[PDB]
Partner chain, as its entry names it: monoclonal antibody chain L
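There is one chain below, alone, in structure tokens, taken in the form solved without its partner chain.
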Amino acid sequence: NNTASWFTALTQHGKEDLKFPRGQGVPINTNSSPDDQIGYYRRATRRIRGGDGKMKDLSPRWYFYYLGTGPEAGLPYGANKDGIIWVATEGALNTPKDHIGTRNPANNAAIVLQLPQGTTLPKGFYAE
């Protein structure tokens, strides 16, 4: 607890897991350096009780954590895990980003997720 993504989420409207072409997907953060531009998005599921007394699955959200941080801080880049997808800018260093760490919501609001010009969000994904 008291740990969160530095950024706002991507929402999934389709059936396919989030996926970026190699070199794309790392949110913009002016307080970070070129070496730091690598990590993962982790799926967060939500469901609520409908009018019919059955659980309704809402659109999955995906949140970015820098490599070596967050709920999967221990996973190396490329590790295969459901709900985890990897992104990296060319020339980012494969080193943990402990100097960036995660966000404490008591101290800092999320950075608005923004992707560098020319980036393609996959079908059905939107930055809310």
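Positions refer to the first chain, counted from 1. For clarity, a rigid core is taken as the largest C-alpha set superposing within 1.5 Å between two forms.
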{"item": "Cross-entry absence of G50, a third or more of other PDB entries", "value": "yes"}
{"item": "Stretch with the greater mean C-alpha B-factor as recorded in the entry, comparing 14-22 against 109-117", "value": "14-22"}
{"item": "Given 91-99 and 50-58, the range whose Cα B-factors average higher in the PDB entry", "value": "50-58"}
{"item": "Entry-reported Cα temperature factor of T69, expressed as the chain third it lands in", "value": "lowest"}
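Keep in mind that the form solved in complex with its partner chain is missing from the display, and what follows is about it.
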item: In the bound PDB entry, residues of 93-120 near its partner chain [heavy atom within 4.5 Å]; value: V112, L113, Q114, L115, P116, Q117, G118, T119, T120
item: Only residue that shifts (Cα, 2 Å or more, rigid core superposed) between the shown form and the other one, among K81, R46, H99, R49; value: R49
item: C-alpha of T119 off by 2 Å or more between the shown form and the other one on rigid core; value: yes
